[PDB]
Amino acid sequence: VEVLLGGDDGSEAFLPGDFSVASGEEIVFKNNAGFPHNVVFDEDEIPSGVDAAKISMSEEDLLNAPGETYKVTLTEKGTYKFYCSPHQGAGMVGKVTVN
Ligand SMILES: [Cu+2]
């Protein structure tokens, strides 16, 4: 699945923002507009025994040009909440359910 970081209008949302993937399916986050964006997984809201450091972007690495990607694959089944650091306050949060 591909997930846009920002709507074209600069809306601060993941698109889609609440989706499902199979274990092992690649998630392609694509910088869209309204950047800077990144993707961090909330360690309190992901399945037990998943290291959030392995699936989150590096803290200082922000996507700042259109089309730039961050690719990640989740395996442990469950729900995962993730967010954009800069726009967390503004409601740029998402949810993926791995099945
Ligand atoms: Cu953002």
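Numbers in chain A come straight from Swiss-Prot, and the residues shown are 70-168, in order.
Per deposition record, X-ray crystallography, 2.0 Å.
Cβ coordinates are placed from backbone N, Cα and C, and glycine is handled just like the others.
According to Swiss-Prot, the features are:
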BINDING   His106, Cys153, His156, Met161  Cu cation binding site
Taking the centroid of the Cβ atoms of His106, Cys153, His156, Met161 as the Cu cation site, which other residues of that chain lie with their Cβ within 8 Å of it, listed in sequence order? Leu74, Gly75, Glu81, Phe83, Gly103, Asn107, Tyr152, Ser154, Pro155, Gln157, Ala159
Here the binding-site residues are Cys153, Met161; the one whose Cβ sees the most other Cβ atoms within 10 Å is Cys153
With an 8 Å cut-off on Cβ-Cβ distance and a minimum sequence separation of at least 6, pull the same-chain contacts of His106 (Cu cation binding site), or say none. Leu74, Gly75, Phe98, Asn100, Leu131, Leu132, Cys153, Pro155, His156, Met161
Coarse DSSP state, helix versus strand versus coil, of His156 (Cu cation binding site): coil
